[PDB]
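Residue-level structure breakdown
Residues per chain, in single letters:
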2 protein chains.
Amino acid sequence: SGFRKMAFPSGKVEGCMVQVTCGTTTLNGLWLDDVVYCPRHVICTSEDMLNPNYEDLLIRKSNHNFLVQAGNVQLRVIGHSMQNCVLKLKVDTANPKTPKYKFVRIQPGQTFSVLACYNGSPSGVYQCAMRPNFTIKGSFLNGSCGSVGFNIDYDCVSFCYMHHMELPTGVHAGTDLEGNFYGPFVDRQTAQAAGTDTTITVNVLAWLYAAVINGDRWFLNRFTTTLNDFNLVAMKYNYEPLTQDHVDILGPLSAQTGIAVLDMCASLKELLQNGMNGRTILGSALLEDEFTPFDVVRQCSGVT
Amino acid sequence: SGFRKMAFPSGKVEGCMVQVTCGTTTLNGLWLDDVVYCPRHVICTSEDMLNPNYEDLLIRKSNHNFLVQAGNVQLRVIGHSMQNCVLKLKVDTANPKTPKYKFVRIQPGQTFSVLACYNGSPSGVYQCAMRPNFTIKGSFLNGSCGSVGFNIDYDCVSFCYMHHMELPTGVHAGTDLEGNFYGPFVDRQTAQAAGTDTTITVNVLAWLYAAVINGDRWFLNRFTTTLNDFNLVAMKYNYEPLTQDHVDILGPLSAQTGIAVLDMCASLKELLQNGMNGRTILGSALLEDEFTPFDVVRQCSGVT
Ligand SMILES: COc1ccc2nnn(CC(=O)N(Cc3ccccn3)c3ccc(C4CCNCC4)cc3)c2c1
Ligand SMILES: COc1ccc2nnn(CC(=O)N(Cc3ccccn3)c3ccc(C4CCNCC4)cc3)c2c1
């Protein structure tokens, strides 16, 4: 028993982290096979980060201007190309530590682990969710760019995120591994609206089921609701509308606990309307939305 | 910016995890150099877990009864011994992946990362604190025994914890790497009192400083207090008494923010007496105590 904000074991990703330097800018890259992936803003100075013309900036760069270091050893760059907002530096050596991997573009509301890195060196690992508004609430300082987000299924690492920037609001934005930003964000130092964020309803319900499994049951009530009635409450509290697809994904947890999904929605409705009254659920005084139904089942079944 | 419950990168520890089987019991072991460390209750059946005589049980076991597997390869056990509540299985092969390591006995209130494992395979990593009452609030299912807690300083892993049991209350108990339990716990399936837990005051203050650094400042007030006045409030709210040693450890954060430690105590005093009034600090609706002052400085300075 017990429920924690658990990250995937990071070893397979630690073996891919490298340092990429271009001019006076240093950030992290991801070395998979014979390619190193990093944010294209590695080619920017502070005088052009306000409005960079990446095509023009990259033209002034040659393979020898990209310094790639894996621990203490230097990699030889034999090709460079820009794909969307990422640079792909072809190197003459395949990473011997390359795990089985995929590049995936996650959906908003899905979770992943972030391995924060500085100068190609791992500093820490944490779990987070891609917000409905396509930002992440991470922990990133200057130099963390190029740190990646990922999920692991047995021996396969699915890379879903590469860190590119911190918005003036302090939230984080980045791309998939093809260099496509999540959300409307551009890699420019300009004011950028993230838009209204909402609470990931299906994840809050999944966490409520995790709470019941682990003994926190005070919030269970004698009520039920309908999807339409529940969604009227969800709209008022800036929660994502719950769909039958969400109810279907909650199926295993509903079956395990014997608590019908609409009954759990009624518990959530009462928690939204009444608050916690100074009580806690799984050590939290707020409704947690960073665990998907898959995460709750994985953590509750001990999947390795 | 941003503040997260960050765990250390787990790769160095993942390379040490092995599966240990004895009879019909399977749990995790830690392979460092030519020794595998695991909880001694690996030799117990369910008929004797109620009151085991470990000395008598171990006498009926030989080197060949301890099956140790590192991934797909079997290790040859050439010696076995019991040290307190851990077994040390000498193997004929030194772990090629053994990092630089130390065994340390952490103090209550200190933090560490746990790499939860099942059948010698890593499932997840999370950060936690050793409670003042020497329990940990982890996430452990059957088979997780032998999973370890650790801290990392550059290239050195300091192992501080090995998981042994879940108390009937759902909290977790274990040992240092010499097999000495933290707290009064015994490795028996009996009722065991954990004792009164308290909030780690120095960690809450460290987290309040982390909040100020990251912009959450609403809780700062026009008041100050004394150590004696603050400790009267701490006693009433089951917080650990703050000492000058704690004030001294908060020095760097007090210097960085320009907020005197006793002024931050006055903010904490008002938060204890008035509550959060429906507000949050670093995304939390309660006062967080699982970040030490060292952790706040590390996370805020990007130490790798
Ligand atoms: C300063 O504190 C942080 C904290 C967390 C951070 N996460 N990401 N970033 C980076 C970031 O947002 N930008 C803005 C931006 C502008 C243009 C393109 C893309 N992004 C950025 C990018 C590059 C540079 C380099 C210029 C040349 N000299 C070396 C730094 C400086 C800032 C962080 C910065
Ligand atoms: C069942 O769910 C959990 C969940 C989280 C858990 N963390 N730890 N433990 C293990 C645990 O507390 N005990 C109690 C105990 C008794 C004696 C000595 C030490 N500890 C335990 C130990 C060994 C065995 C084995 C007997 C032979 N068959 C294979 C299991 C069974 C339970 C967990 C169990």
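Our subject is the structure that appears above.
This section reports on the structure supplied with the text. (Residues numbered from 1 in each chain as written, not as in the entry; some residues may be left out. Chains lettered and ligands numbered in written order. Heavy atoms only, no water.)

1. As for the environment of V42(A)
Residues and elements named next belong to chain A. As for its position among the elements, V42 is in the loop between β3 (35-39) and α2 (54-59). The exposure class assigned to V42 is buried, which follows from its relative accessible area of 0%. Expressed as a C-alpha distance, the spacing of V42 and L27, which sit 15 residues apart in the sequence, is 6.7 Å. Discounting chain neighbours no more than four positions away, the residues touching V42 are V20, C22, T25, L27, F66 and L87. (Helix = DSSP H or I, 4+ residues; strand = E, 2+ residues; numbered from the N terminus. Buried < 20%, exposed > 50% of the residue type's maximum accessible area, 1.4 Å probe, protein only. Contact = heavy atoms within 4.5 Å.)

2. Quick word on helix α4 (residues 227-236) of chain B
Residues and elements named next belong to chain B. Residues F230, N231, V233 and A234 constitute the buried set of α4. Projected down its long axis, α4 carries its buried residues within an arc of 155°, all on one side. What points out from α4, more than 90 degrees from its buried face, is the exposed set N228, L232, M235 and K236. Those residues of α4 that are buried are in contact with α3 (201-213) and α7 (261-274). (Arc of directions from axis to C-beta.)

3. Thoughts on the relation of the copies chain B and chain A
Under the fitted operation, chain B is carried onto chain A by 0.0 Å of movement along the axis and a turn of 180°, and the coordinates agree to an RMSD of 0.0 Å. The operation mapping one copy onto its partner corresponds to a two-fold rotation axis. Of the C-alpha atoms belonging to chain B, the one lying closest to the rotation axis is found on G11(B), 1.8 Å away. Counting the interface residues of chain B, we find that 100% of their copies in chain A are interface residues as well, pointing to one common contact surface. (Least-squares fit on C-alpha atoms.)

4. Topic: the site of ligand 2
All names here are of chain B. For ligand 2, the set of nearby residues contains 18 residues, the closest of which are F140, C145, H163, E166 and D187. At 2.9 Å from a nitrogen atom of ligand 2 is found a side-chain nitrogen or oxygen belonging to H163. Within the backbone of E166, an N or O atom sits 3.0 Å from an oxygen atom of ligand 2. Burial of ligand 2 by the surrounding chains reaches 80%, relative to a free accessible area of 680 Å². Among the elements that line the shell around ligand 2, the one with the most residues is strand β12 (residues 156-166), at 4 residues. Split into classes, the residues belonging to the shell around ligand 2 amount to 7 nonpolar, 8 polar and 3 charged. Taken together, domain 1 (1-14 + 100-197) and domain 2 (15-99) each give at least three residues to the shell around ligand 2, which thus spans both. (Near = heavy atom within 4 Å. Polar contact = N/O pair within 3.5 Å; in protein donor to acceptor, adjacent residues only side chain to side chain. Areas by Shrake-Rupley, 256 points an atom, 1.4 Å probe, with all protein chains shown as cover. Nonpolar A, V, L, I, M, F, W, Y, C, P; charged D, E, K, R; others polar. Domains from an automatic or database assignment.)

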